[PDB]
């Protein structure tokens, strides 16, 4: 069978991948070889042991990749490189995977002789799994996005900080909250106080996240005024759709909120043909077995369209669909997807399964 090496399989994303693979018995279809960066099992830095593999799967990160990738390719290595980091997402000899969406693109690239497969950005990947149909039929003209992003996107220490923040905030009015008749204004006066205090842990976000929000993700790009996170929206969406020559505008603002592992997005999609709302739906629900069209009803939206609902699942619900006051050629949509699954580990695990077949 195929000899596949795994690097950074103990990190957060690497762990979700290992678990998913176990749950689906993917190891029974390949010869696994594990590497480590520890000096406490092969060395993730041993180019020779790495050159012997048919496939390298890494969740280690950008640095590792930027340090080992070129080094390996220098030895004439003929194998496949599957990476979750964004380090190689743009390179011309690399493809961004998301098979439920861009299979056709993946198939052609495998033939053209591409050996580098990179998973895509969480927000873009999640957006495509939700409203893929619209891009299928080519009904999309442009998209304005506002995201409600989760802590896991920045990392494990971030999730721990958010939880810590929430804890300290309640603990600050723990007694007052128990007295059904205490002043609400006094209580918030206190919570806001603790949130603003010096001992309030914010080293990981650079600001309060619990009980608040941060409208800035990643680095600034003086070029267009976007943040690198918002940019990937235009860049990666099109590279996944292979329409880098006929670029569909995808843009908006990215904001992190107090959620652990699910991203949510508010969509304003400009179509190209006033079609029945009842039709636009079937087009969405048909694109893939995961997306789930949630009817625009209260009790059900509260039960289905939330992070509490989709967390740790592969379900991609999309809802609150309706035309916007700007005309029947303006659709509104809201969606929620697990950041660690379709936004990270799952797309890698799928291309890999395709490779060892």
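Numbering follows the first chain given and starts at 1.
Going from residue 40 to residue 41, the model skips 10 or more deposited residues, which lack coordinates.
Averaged over CA atoms, B-factors in the entry run higher in 278 to 286 than in the other of 190 to 198 and 278 to 286.
When the C-alpha B-factors of 324 to 332 and 50 to 58 are averaged, 324 to 332 comes out higher. When the Cα B-factors of 146, 257, 166, 240 are read from the PDB record, 240 comes out highest. For the set 208, 82, 74, 85, the maximum C-alpha B-factor listed in the entry falls on 74.
Looking at the C-alpha B-factors along this chain, the one for residue 138 belongs to the highest third. Ranked within its chain, residue 27 lands in the middle third, by CA B factor from the PDB record. The deposited CA B-factor of residue 69 belongs to the highest third of values across its chain. Among all modelled residues in this chain, the alpha-carbon of residue 4 has a temperature factor (C-alpha) in the middle third. Ranked within its chain, residue 228 lands in the middle third, by CA B factor from the PDB record.
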